[PDB]
Amino acid sequence: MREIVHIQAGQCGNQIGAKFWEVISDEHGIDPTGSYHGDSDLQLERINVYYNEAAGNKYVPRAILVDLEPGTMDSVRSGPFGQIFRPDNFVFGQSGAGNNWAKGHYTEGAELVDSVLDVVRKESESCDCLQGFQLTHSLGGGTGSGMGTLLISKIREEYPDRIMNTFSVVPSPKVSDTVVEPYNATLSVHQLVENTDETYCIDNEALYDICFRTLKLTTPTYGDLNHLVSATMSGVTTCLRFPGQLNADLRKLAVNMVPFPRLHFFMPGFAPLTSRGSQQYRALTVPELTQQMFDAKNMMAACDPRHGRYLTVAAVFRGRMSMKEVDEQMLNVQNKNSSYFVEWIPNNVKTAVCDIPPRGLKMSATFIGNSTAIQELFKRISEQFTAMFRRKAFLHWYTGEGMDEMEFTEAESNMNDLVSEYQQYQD
Amino acid sequence: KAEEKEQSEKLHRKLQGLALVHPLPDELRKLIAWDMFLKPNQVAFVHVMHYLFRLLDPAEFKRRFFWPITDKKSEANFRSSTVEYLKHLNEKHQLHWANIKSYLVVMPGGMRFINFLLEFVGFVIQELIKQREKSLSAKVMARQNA
Amino acid sequence: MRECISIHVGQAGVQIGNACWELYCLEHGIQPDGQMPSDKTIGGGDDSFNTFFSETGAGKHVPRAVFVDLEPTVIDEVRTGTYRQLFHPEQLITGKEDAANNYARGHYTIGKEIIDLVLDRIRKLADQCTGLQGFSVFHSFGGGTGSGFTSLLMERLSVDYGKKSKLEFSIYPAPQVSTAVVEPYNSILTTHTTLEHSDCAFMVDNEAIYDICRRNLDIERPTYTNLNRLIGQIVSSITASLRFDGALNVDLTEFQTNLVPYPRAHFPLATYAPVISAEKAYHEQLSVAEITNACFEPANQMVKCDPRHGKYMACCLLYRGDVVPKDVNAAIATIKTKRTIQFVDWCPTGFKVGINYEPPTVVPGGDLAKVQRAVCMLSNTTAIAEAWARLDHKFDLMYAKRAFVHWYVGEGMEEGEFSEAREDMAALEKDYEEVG
Amino acid sequence: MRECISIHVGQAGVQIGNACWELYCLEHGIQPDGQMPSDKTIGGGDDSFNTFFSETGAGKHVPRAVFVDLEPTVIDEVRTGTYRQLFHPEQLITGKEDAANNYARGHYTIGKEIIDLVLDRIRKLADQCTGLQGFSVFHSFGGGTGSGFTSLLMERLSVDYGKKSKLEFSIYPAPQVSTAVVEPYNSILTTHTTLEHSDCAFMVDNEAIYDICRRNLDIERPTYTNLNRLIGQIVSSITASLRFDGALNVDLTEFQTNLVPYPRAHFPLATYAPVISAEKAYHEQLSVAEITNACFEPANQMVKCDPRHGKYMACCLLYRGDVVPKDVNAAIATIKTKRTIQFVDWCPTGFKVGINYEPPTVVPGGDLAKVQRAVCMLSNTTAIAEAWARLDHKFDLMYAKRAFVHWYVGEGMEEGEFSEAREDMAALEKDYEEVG
């Protein structure tokens, strides 16, 4: 078999993770009780990637729910699919992280981490051939940022040969809970550079601007942002969950997408963009899907891909379409825009098609770009970090947990080194 | 018409002066004239703006603009980006430029455009003065040097 | 008997294999359960098809095939499809984890865990052969299993079976249908390691097949199912001399002897005619002269190159269906007078001609029309080096910056193996230039 | 065999072609699907119709035709009409954008994009001929595709096929049925550029055909369908010597040799009799003497001119149906004594006489009666210059003010080409005067 263990850490991680499970359970014909009611054998052929089989033909997510406070996890348990999760896989604290990375990484999360690793081990011991791990979290908070990166480092110590993938929600001043989000994000980006093989950069700025400007939502909620994230996560994971021409695993994806070990930060995109409850009556054509998936307005990282170059690209088309028309349109984009792809990586654009569309669409396209333009996201966090750090503003919340100012100076420098490395391969 | 001519000449002098410090690219050198914006002149507009933006912030220009212009689409993009950048500058530096509207970029020419450009060029010159002041009669200097 | 074992490696090899075996069953009148109802000979009738099939004691004809993939997905489609009952379950070998488009992972890491199981299954089929001729290996150059596991398999087959001929059917990567950026690396690495182990390799350029499907079949966007059906006709036309009673290429050793003058220059250019859409099946039937003249048109070749820029070392014309030797000789004489056909000076300006009277069969509900006559031209030409130069140029561009090399080194491959493989390809390009 | 390829260019050429091929199928007993049920000869019967048809291996007779238009509209009517199955789809060539009644757009702009495709299709038909004689080109002088694309085609045919005869069937423009003001310009420009490439051109004046349909068929307002049916009978009577066994004009070279004493004076006047309405089909059948005397009446000519104002250089009488040579000779002797027939002094006062015993066929439900005998007179006469003078006068009136010239210059044509074409037409008028 080819199993994946899913982890969801902190408020944002558990909310997005719960929506991901709701979306993929419905694509696999799994009800909120874990029972199968689908109409196609293709829904079960690779179900074991994300689900364990349980007594009485029940499917249970291979999901681990982690928080330092009970409030989000009780909300998930009361949610539409809250009963599908293994009850033993709810691991939680009582003290909370208080939007502090040091509490998540050094204190409150360091007391809880061994209890999470025991659940990770119990799920991994039940796999026939574990591919790797996936984490859903935010870099702006305390639990998802600090405890999520502590968990990544501990998983890499226990499972050094297994792939580590992340869906990382990047903070923005447009969708901000606290002023210390740049500190938490810079400290976490340093840990991701060393300890992950794939990181999907999900920018709350891009999600908000999509909801507001493209979907015409005057007051986007976290529920509207998480709808876009769950659709993108379904898109990216399609080649793992369904049979196709590329029998993909996480390692084949990483080997194709990551030319340099530090440059594994991806810009995800989705087409067509839909809002929750809005039915699109018109299916797009293949040319319209291919044009939209390469538009900066469909990217979930707030960077312009025209300000850099693509190292590598993966494109996942879903639904019944002419595979010839897909190749012709993908080659048309490359040949017209060849300057935006690096020439020293031949055939760096890979395309897959799956016949099973996502719910409510006849056809969709998911985009994954490794672009040097991702440096704009790190520059924007760096500027916000340095603006406070030059005055030692708010540092007393971290030094009170035992952090040194030198750990901040190292994380700032390692993030500037990552920006310089992206600039080198851009030129 | 007399006022328009005077302002246009003033603009020409300022551009000539700038060219003494920062040489004009070959394409722009051929276009530069005292009456180049008395009538709408799209070609001169593009090259003058290109020149001034590069003087102001080459890095920002590279980020915001695609150059050289090769097609109609790229040209339209250049105009839009020009309006956006000018607005940004107006806000950032509090220049109080009125009516930075699409018309400055659609039919660049006439009194209104010349006045605007004069202000803009003035701004660029002021920024350069600041830079030079930080770093630090013509007849007397010349004789002394000789 | 003169048995052949077919080996289908990775997604491309398995999917082409599945299309070829469907077509072989249709041509021999074998049902999807392996029964042959016209076979009144409970014993040795026209024993020619026993080259590719083994009769079981239940009257079921089973392919002399092995299917290998490092992931289950593509072989599970074979286990569940129309021909699920044709194969024995032991012939369908699946790993758990794939090579992820990496030659080194397919050769050194995951390939090493499965290779001994594959060799045991091949040995069980070889032990059922009275006079095993050789192997026909189907794989892709661009994909990690198709490159890395095939090179490891070809080495081990040369050790266990060093007097048995090995023929390859290799899919050359095309940008328009390409799933990986690293396909040039996988292609150069596998070609280097298989070069001393192959006796004859039939390259199929996905770009050539895609363009033939667009131009001749009016398919706006060909799928792998459309490509593999066309590939299956070409493979069927090549193997038709081994499957039916005929005068030319009655063994695997005759292919090498007729097509391969130099051991390294073992890449014959295939050309197939006619390719006609099923909607045009009621049109005027092409003459022997028209189909033979279509073999010298670059638009119908299986590799994108121009034979007018090179020389012919060998040329074989394999006809199927309603063809008389008189009309073939008249067509060849007209072609020799009208076409730029430069042979090399040391090789006779001779066409070898095979005629099989069994007409081409087409898959019911396929894109191809039923034709009364077809021709497959197999020509060893120096112009096939234009396909190597295109691959080498893409290799050199990425390798000059060491782009993606760390994925191969991370699987324990040495960086020196890239330079060695590229040097051997430069020697192959020079061998083709010196002959041309 | 002695094959001929017909080429139909632009709306007028295509619509006349469609009417001619309908009539040829009826005369040879070929059905609209291309089957010939009376052909008990699975092989070479009366092989004369193989001049215009190619037998396919399915027993289907396909026209040796190419249809070309720069717009799809008129050829899509052929693709959907009664004879849609007769033609091969490759013989029906359509552009996307038309020449918009401009010679320069038809020759230099849009014609240049399609010419190489047309020459490839003509070559595919020529390669199926054992002994290609030549080409028969059908076009209009007034229309932009019929003028500009035909001149470009005739030049390129003279390059690729410089020993093959080229016959034209050219529609001369008439004010009453004229769609463009610039028809005189298009006519002079095309006549200039085709003059050195044509071996023999049959002009058909739309005004003459329109008046014959009004006077003889009692049709108050003839449509192009009525005109093209009459044109189809004349064309059928001209080509009848190439399609059936007969003694006179058995090849294209015999037309030039019998009708064209000087290379520039290659415009024979056609005259056809009898033209009788289908309602009058039960009337008294005309004698050989009456139909021959009707050939010397200007009211029955295909070009409006008066041969009494000029001289005859050549005269051919082509009879069809129930005609005996004795009655033809008696009719000619009576005509020579009663009519002003001035021949030129240096040419024998000789009539060439062809008799084909195959009676004229008429389209079922057409406007023409079935007749027992018909005659087509082909005469090279200097009085045909009256049609050039009428065209030149209209050219000169517009060109003196440079009216509409900017439409041709806007397509990249030089203004000098108008003066050159007009000077060559003035030289042609003078050549006709010097002979007369």
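Taking other Cβ within 10 Å of each residue's Cβ, how do D:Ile30, D:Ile355 sort, fewest first? It would help to have the intermediate numbers written out before the result.
Working: D:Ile30 24, D:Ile355 19.
Listing D:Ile30, D:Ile355 from fewest to most nearby Cβ atoms yields D:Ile355, D:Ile30.
In straight Cα distance, which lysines are under 18 Å from D:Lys326, not counting same-chain residues fewer than 8 positions off?
D:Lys336, D:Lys352
Just to be sure I understand: with springs between alpha-carbon atoms less than 10 Å apart, which residue in D:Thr51, D:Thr239, D:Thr130 has the highest mean-square fluctuation in the Gaussian network model of chain D?
Of D:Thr51, D:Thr239, D:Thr130, the most mobile in the Gaussian network model is D:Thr130.
Only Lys, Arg, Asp and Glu count, each charged at its Cβ (+1, +1, -1, -1), so figure out the dipole size of segment D:90-176 about its Cα centre, rounded to 20 debye. If you can, show how the numbers build up before the last one.
On the way: 10 positive and 10 negative charges, 38 e Å.
It comes to approximately 180 debye.
Consider the operator that turns chain D into chain C: which D residue has a Cβ nearest its axis, and what is that gap in Å?
D:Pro37, 64
To one decimal in nm, how far is D:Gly43 from the same spot in the other copies, if labels go 7 Å from Cα toward Cβ? Please give the shortest first.
Once sorted, the set of distances for D:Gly43 reads 4.6 nm.
So which GluC sites (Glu not before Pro) in segment C:188-226 are both in a DSSP loop and have at most 16 other Cβ atoms within 10 Å of their Cβ? It would help to have the intermediate numbers written out before the result.
On the way: sites: C:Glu196, C:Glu207, C:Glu220; in loops: C:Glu196, C:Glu220.
Taking segment C:188-226 and a limit of 16 other Cβ atoms within 10 Å, the loop GluC sites (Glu not before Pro) found are C:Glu196, C:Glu220.
Report the calculated FRET efficiency for A:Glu194 and A:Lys379 (r = Cβ-Cβ distance, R0 = 25 Å), to the nearest 0.05. All intermediate terms of the calculation are to be shown ahead of the outcome.
Numbers: r = 20 Å, r/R0 = 0.81.
In this case the efficiency is close to 0.80.
Rank these for me by crowding, D:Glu417, D:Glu279, A:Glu125, going from fewest to most other beta carbons within 10 Å. Numbers along the way, then the final one.
Details: D:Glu417 17, D:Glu279 11, A:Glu125 8.
Ranked by crowding around the Cβ, least crowded first: A:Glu125, D:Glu279, D:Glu417.
Multiplying the sequence separation of D:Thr337 and D:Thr73 by 0.36 nm and subtracting their Cα-Cα distance, what value in nm do you get? Don't skip to the answer; put the middle values down first.
Numbers: separation 264, 0.36 × 264 = 95.04 nm, distance 5.21 nm.
Roughly 89.8 nm would be gained on extension.
Taking 51 Å as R0, compute the FRET efficiency from the Cβ-Cβ separation of A:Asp417 and A:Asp41 and round it to 0.05. The partial results should precede the final answer.
Details: r = 49 Å, r/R0 = 0.97.
Computed FRET efficiency for A:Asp417 and A:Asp41 comes out at 0.55.
Distance cut-off 30 Å, Cα to Cα: go down the list B:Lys72/B:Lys101; B:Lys62/B:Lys101; A:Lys103/C:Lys96; B:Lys92/B:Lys134; B:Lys14/B:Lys101; A:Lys379/B:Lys10 and report the pairs above it. Intermediate values should be presented prior to the final figure.
Working: B:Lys72/B:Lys101 20 Å; B:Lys62/B:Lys101 23 Å; A:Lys103/C:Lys96 40 Å; B:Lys92/B:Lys134 21 Å; B:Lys14/B:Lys101 24 Å; A:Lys379/B:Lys10 41 Å.
Beyond 30 Å between Cα atoms: A:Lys103/C:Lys96; A:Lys379/B:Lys10.
What does the charge count around A:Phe389 come to, taking other residues whose C-beta lies under 11 Å from its C-beta (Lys +1, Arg +1, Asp -1, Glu -1)?
On the way: positive: A:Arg390, A:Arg391, A:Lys392; negative: A:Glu383, A:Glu405, A:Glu412.
Local charge sum for A:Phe389: 0.
If you stretched the chain out fully between A:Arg391 and A:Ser322, how much longer would it get, using 0.36 nm times the residue separation minus the C-alpha to C-alpha distance? Kindly include the intermediate steps, with their values, before the conclusion.
Details: separation 69, 0.36 × 69 = 24.84 nm, distance 5.82 nm.
Length gained between A:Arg391 and A:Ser322: 19.0 nm.
If you take every residue apart from A:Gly93 with its C-beta less than 12 Å away from the C-beta of A:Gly93, what net charge results, scoring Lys and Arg +1 and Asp and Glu -1? Intermediate results must be reported in sequence, preceding the final value.
Working: positive: A:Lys103; negative: A:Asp67, A:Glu69, A:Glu108, A:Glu111.
Cβ neighbours under 12 Å give a net charge of -3.
Compare C:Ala19, C:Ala331, C:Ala403 in a GNM of chain C, Cα atoms joined below 10 Å, and give the one with the largest fluctuation.
Checking each option, the largest mean-square fluctuation is seen for C:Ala403.
Grab the DSSP H runs of chain C that are 4 residues or longer, score each as -39,500 (n - 2.57), total them, divide by all residues and round the 222 nm result to the nearest 500 deg cm²/dmol. Working shown, then result.
Numbers: 13 runs with 168 residues, N = 436.
When only DSSP H runs of four or more count, the value is -12000 deg cm²/dmol.
What distance in nm separates the simple spin-label points at D:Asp127 and D:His393, each placed 7 Å from Cα in the Cβ direction?
Between D:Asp127 and D:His393, the label points sit 5.1 nm apart.
Let me have the 222 nm mean residue ellipticity of chain A computed from DSSP H runs of 4+ only, each contributing -39500 (n - 2.57), with the sum over all residues rounded to the nearest 500. If you can, show how the numbers build up before the last one.
Working: 15 runs with 170 residues, N = 427.
Estimated from H runs of four or more residues: -12000 deg cm²/dmol.
Suppose each label sits 7 Å from its Cα in the direction of the beta carbon; what would the B:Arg132-B:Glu91 distance come out to in nanometres?
3.2
Summing +1 for each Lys or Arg and -1 for each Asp or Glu, what net charge is found among the other residues whose Cβ lies under 9 Å from the Cβ of D:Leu242?
On the way: positive: D:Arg2, D:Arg243; negative: D:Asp251.
Summing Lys/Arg as +1 and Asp/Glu as -1 gives +1.
With a ≥ b ≥ c taken as the square roots of the eigenvalues of the C-alpha gyration tensor of segment A:2-259, please select rounded if a/c is under 1.5 and otherwise prolate if a/b is larger than b/c or oblate if it is not? Write out the running numbers ahead of the final one.
Details: a/c = 1.38, a/b = 1.22, b/c = 1.13.
Rounded is the answer for segment A:2-259, as its axis ratio a/c remains below 1.5.
Once the dipole of the protein assembly as shown is set up with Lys and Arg at +1 and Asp and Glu at -1 on Cβ about the Cα centre, which of D:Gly81, D:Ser419, D:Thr239 lies farthest towards its positive end?
Most positive-ward Cα: D:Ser419.
With labels modelled as points extended 7 Å from the Cα through the Cβ direction, what inter-label distance (nm, one decimal) is found for B:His22 paired with C:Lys280?
6.2
What are the distances, in nm and sorted shortest first, from the label point of C:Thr349 to the label points of the same position in each other copy, with each label point placed 7 Å from Cα along the Cα-to-Cβ direction?
With the label placed 7 Å along Cα→Cβ, C:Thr349 yields 6.4 nm.
Have a look at C:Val363, C:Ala289, C:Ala314 and report the one farthest towards the positive end of the charge dipole of chain C, computed about the Cα centre with Cβ charges (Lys/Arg +1, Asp/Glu -1).
C:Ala289
So how much slack lies between D:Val177 and D:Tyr357, counting 0.36 nm per residue of separation and subtracting their Cα-Cα distance, in nm?
On the way: separation 180, 0.36 × 180 = 64.80 nm, distance 3.59 nm.
Stretched out fully, the D:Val177 to D:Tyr357 stretch lengthens by 61.2 nm.
Quick one: if the Förster radius is 25 Å, what FRET efficiency do C:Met1 and C:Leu26 give, using the C-beta to C-beta distance and rounding to 0.05?
Values: r = 22 Å, r/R0 = 0.90.
Given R0 = 25 Å and the Cβ-Cβ separation, E is 0.65.
Starting at the first residue of segment C:232-247, write each ³J(HN,Hα) from the Karplus equation 6.51 cos²θ - 1.76 cosθ + 1.60 with θ = phi - 60°, in whole Hz, x for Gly and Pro.
x, 5, 5, 4, 4, 5, 5, 7, 4, 5, 9, 9, 10, 4, x, 8
Where does each of D:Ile122, D:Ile341, C:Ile231 land when they are ranked from fewest to most other beta-carbon atoms within 10 angstrom? It would help to have the intermediate numbers written out before the result.
Details: D:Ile122 22, D:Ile341 19, C:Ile231 26.
With the fewest neighbours first, D:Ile122, D:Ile341, C:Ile231 line up as D:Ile341, D:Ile122, C:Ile231.
Shortest first, in nm, what separates the label point of C:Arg264 from those of the same position in the other copies (7 Å along Cα→Cβ)?
Copy-to-copy label distances for C:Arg264: 6.9 nm.
Read-outs throughout are calculated quantities, based only on the coordinates presented, and are distinct from any laboratory measurement. Please note: Cβ atoms are built from the backbone with ideal geometry, for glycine as well, and neighbour counts cover all protein chains shown.
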